[PDB]
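The first sequence maps to residues 15 to 608 in my numbering.
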Amino acid sequence: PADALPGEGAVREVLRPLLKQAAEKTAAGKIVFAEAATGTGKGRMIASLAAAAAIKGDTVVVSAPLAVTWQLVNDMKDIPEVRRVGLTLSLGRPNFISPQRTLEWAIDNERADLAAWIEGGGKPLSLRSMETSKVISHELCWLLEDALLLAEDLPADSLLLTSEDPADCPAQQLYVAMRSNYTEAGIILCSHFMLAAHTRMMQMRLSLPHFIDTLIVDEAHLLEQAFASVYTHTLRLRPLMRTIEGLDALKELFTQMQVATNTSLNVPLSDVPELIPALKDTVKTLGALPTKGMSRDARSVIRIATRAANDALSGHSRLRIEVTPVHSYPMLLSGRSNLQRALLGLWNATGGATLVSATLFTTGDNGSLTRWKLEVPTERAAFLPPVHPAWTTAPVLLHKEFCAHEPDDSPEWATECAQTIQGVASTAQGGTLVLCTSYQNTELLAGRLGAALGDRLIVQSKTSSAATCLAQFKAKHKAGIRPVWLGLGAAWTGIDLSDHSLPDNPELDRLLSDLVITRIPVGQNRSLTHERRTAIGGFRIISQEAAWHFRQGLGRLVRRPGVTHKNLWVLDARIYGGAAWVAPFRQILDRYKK
DNA sequence: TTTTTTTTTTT
Numbered sequence: 015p016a017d018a019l020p021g022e023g024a025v026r027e028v029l030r031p032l033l034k035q036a037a038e039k040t041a042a043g044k045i046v047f048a049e050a051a052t053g054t055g056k057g058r059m060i061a062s063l064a065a066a067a068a069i070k071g072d073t074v075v076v077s078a079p080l081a082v083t084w085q086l087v088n089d090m091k092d093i094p095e096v097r098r099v100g101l102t103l104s105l106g107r108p109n110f111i112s113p114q115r116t117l118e119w120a121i122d123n124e125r126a127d128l129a130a131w132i133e134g135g136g137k138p139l140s141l142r143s144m145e146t147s148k149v150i151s152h153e154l155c156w157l158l159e160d161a162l163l164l165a166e167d168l169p170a171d172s173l174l175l176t177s178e179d180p181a182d183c184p185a186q187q188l189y190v191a192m193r194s195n196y197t198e199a200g201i202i203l204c205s206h207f208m209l210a211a212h213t214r215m216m217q218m219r220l221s222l223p224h225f226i227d228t229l230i231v232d233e234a235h236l237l238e239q240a241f242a243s244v245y246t247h248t249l250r251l252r253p254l255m256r257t258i259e260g261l262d263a264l265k266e267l268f269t270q271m272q273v274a275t276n277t278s279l280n281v282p283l284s285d286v287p288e289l290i291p292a293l294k295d296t297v298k299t300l301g302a303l304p305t306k307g308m309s310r311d312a313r314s315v316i317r318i319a320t321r322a323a324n325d326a327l328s329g330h331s332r333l334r335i336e337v338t339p340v341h342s343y344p345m346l347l348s349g350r351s352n353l354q355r356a357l358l359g360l361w362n363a364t365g366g367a368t369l370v371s372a373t374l375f376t377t378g379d380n381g382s383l384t385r386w387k388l389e390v391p392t393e394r395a396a397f398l399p400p401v402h403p404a405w406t407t408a409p410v411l412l413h414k415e416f417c418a419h420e421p422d423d424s425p426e427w428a429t430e431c432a433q434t435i436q437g438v439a440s441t442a443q444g445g446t447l448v449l450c451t452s453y454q455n456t457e458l459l460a461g462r463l464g465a466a467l468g469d470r471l472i473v474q475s476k477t478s479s480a481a482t483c484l485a486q487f488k489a490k491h492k493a494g495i496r497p498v499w500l501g502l503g504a505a506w507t508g509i510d511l512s513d514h515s516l517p518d519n520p521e522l523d524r525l526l527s528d529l530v531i532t533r534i535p536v537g538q539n540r541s542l543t544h545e546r547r548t549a550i551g552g553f554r555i556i557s558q559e560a561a562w563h564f565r566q567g568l569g570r571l572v573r574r575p576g577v578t579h580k581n582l583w584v585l586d587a588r589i590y591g592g593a594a595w596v597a598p599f600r601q602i603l604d605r606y607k608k
């Protein structure tokens, strides 16, 4: 490896050519599309990219999900180039905790370690918080993640740093002071939400440079969603209505919302039954109430809901009514279906960028859907070839057996698919994950399998999270019993079903021996940005996005080379029929054999 | 040529 990039030594040999290409084109000013599989060590490649850019003198920003942050700090904690230029991190308020409230909670619930941690400065206690504290050269006190270690059942939202907490409380001081972290280091880590929020603040005229010389976006497929959430302001009624109890026109606003299975989807002002009177009356009834005596945590409820009111005030945004999983509560949203001005503002403030993810391309090296999703200027965009190593598909045997009945939410399909699922559960030599597209489909399957499989069965639901079911899936495997997981939603994309009780030895990993696709993941995306992107583009957008979700669902099986005896099952009979529209999903499966 | 997911951790 003559004349290698900094940190290139610990990069997998397979990704060295891609790292070389990405480094050159990013240095050339292009916004680079670099796609590589999960187990190829994209974190090491990113660390080498950032270090090489940093020693050029570049102010470098690495935007990545907070979960990935700990891996990225470690991967470039020790390479000499970043050691000289320094590596810092930018954290928003939701990372921290109110010392007053979290201590006031520990006394109420008699949690000795929790109160004793806050008494004494809320010092970092985890290895991650302590080590990142040394790497940052800042002491990361009052961290939420540390507080969870002492009491997992703490009401996280009740205790988080709001913007309303007093200036004198240590947590807000630490956050506000650390807003200047980009001053004191060459490479800056943050989440996609932080980058989107920074871009929005830049547009409207602090925590990031005004111009980013080089930007690496890890898990870049999620960056689009972060902009949508940041640019969406949602009004929650029951928390507000309950907070004033401790106005009548707002009750009439809810009654009015009821007049207008699609309820007010992607319609800015075409329906105005009484919303603009009810909005304006709510605007004044909430902002005129006395700040004096308003609880330091209740003024936040007022502020966030008037923000949603004044985001629906402009009329420059779409509206949509949603309902909580717990109960049929009223929620009003003001999102944006066109995100070009904001995204373009980000890309202008960037000299060069590398977009890194495992699913960036629709087919081959075509990143046009991602280029349009993120509004990457075509002049600056660049599509490098992907890295799809052979070992990502080798341990997988694809079975011909499938469910003849087509998925139509019927009881008829549910039992037939359940019989095939039971057949998979018997032959399974480990954990089994069956992927469902709907709550209805998985609840139907649960009704047909709850008695048959008994304790083995895990059902994701409105009351059972993917994280909850993931914990039970690991636990049931710990107890030697072979679980089956009726998974939906986040189980499709973003669960690490690789066993960490077997670090050095992947050949003996059998946490997930059977993956079962019950249905092609069509209709899995309903965001305002994508729904508009579908209305203009047609069913191609539907099929391309479904294939992306399909590849991500298949990516749960193999997470590192050297595993063996992995089973892949796709039961959607449409795959095996003639229909031309299922041709892409056929082609993905064509890379397995026998 | 299709269909309903609750991500994340910003102000």
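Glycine residues also receive a C-beta, built at the ideal position from the N, C-alpha and C atoms.
Per the C-alpha coordinates, the member of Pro253, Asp518, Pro113, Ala480 positioned closest to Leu511 is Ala480.
Look at the beta carbons and you see the stretch 526–540 touching the stretch 448–462: at least three pairs across the two are nearer than 8 Å. Of the other Cβ atoms in all chains shown, fewer than 16 fall within 10 Å of the Cβ of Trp595; this residue is therefore exposed. In the three-state reduction of the DSSP assignment, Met345 falls in the strand class. Counting along the chain, the unbroken beta strand (DSSP E) around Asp528 starts and ends at 528–531. Put simply, of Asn195, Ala240, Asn362 the residue whose alpha carbon is nearest the alpha carbon of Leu229 is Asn362. In the three-state reduction of the DSSP assignment, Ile534 falls in the coil class, being assigned neither a helical nor a strand state.
Fewer than three pairs of CB atoms, one per stretch, sit closer than 8 Å, so the stretch 371–384 makes no contact with the stretch 570–581. Here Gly329 is exposed. Its C-beta has fewer than 16 other C-beta atoms within 10 Å. If only uninterrupted alpha helix (DSSP H) runs of at least 4 residues are considered, those enclosed by the stretch 449–510 are 453–467, 480–492. Where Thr248 is concerned, the enclosing beta strand (DSSP E) starts and stops at 247–250.
Contact check between the stretch 296–307 and the stretch 271–282: fewer than three CB pairs, one atom from each, fall below 8 Å, which does not count as touching.
Beta-bridge partners assigned by DSSP to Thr373: none are found.
Beta bridge pairing from DSSP links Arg334 with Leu347.
Spatial neighbours of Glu389 in its own chain (CB-CB distance under 6 Å, excluding positions within 5 residues in sequence) are listed in chain order as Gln354, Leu357, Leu358.
Of the candidates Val438, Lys492, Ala323, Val438 places its Cα closest to the Cα of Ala466. From the listed residues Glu153, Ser515, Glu145, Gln186, the smallest Cα separation to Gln114 is found for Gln186. DSSP places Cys431 in the helix class (H, G or I) of the three-state scheme.
Pairing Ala372 with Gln566 gives a Cβ-Cβ distance under 9 Å.
The three-state secondary structure of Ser382, taken from DSSP, is helix. In the structure shown, the three-state DSSP call for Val577 is coil. Going by DSSP, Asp227 is part of the beta strand (DSSP E) stretching over 226–231. When DSSP assignments are scanned along the stretch 541–598, the uninterrupted stretches of alpha helix (DSSP H) that are 4 or more residues long and fall wholly within it turn out to be 542–551, 553–568.
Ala274 sits in coil when the DSSP states are folded into three classes, being neither helix nor strand. Ranked by Cα distance from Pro184, the first of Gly57, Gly100, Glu153, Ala199 is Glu153. The beta carbons of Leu105 and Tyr196 sit about 12 Å from each other, so the pair does not count as a contact at 8 Å. Ranking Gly200, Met218, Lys476, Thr246 by CA distance to the CA of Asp227 puts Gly200 first. Taking all protein chains in view, the Cβ of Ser424 is surrounded by fewer than 16 other Cβ atoms within 10 Å, so the residue is classified as exposed.
Going by C-alpha positions, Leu471 is about 15 Å away from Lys492.
The C-beta distance from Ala428 to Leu398 rounds to 44 Å, too long to fall under 8 Å, and the pair is not in contact.
For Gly501, the closest alpha carbon among the candidates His235, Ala319, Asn455 is that of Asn455. Spanning the alpha carbons of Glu393 and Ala48 requires a straight line of approximately 17 Å. For the pair of segments examined, the stretch 312–327 was found to touch the stretch 250–258: the number of CB pairs separated by less than 8 Å reaches three.
Under the three-state reduction of DSSP output, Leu300 falls in the helix class. With contact defined as three or more Cβ pairs closer than 8 Å, the stretch 157–174 and the stretch 127–143 are in contact.
Counting along the chain, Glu159 sits inside the alpha helix (DSSP H) bounded by residues 158–164.
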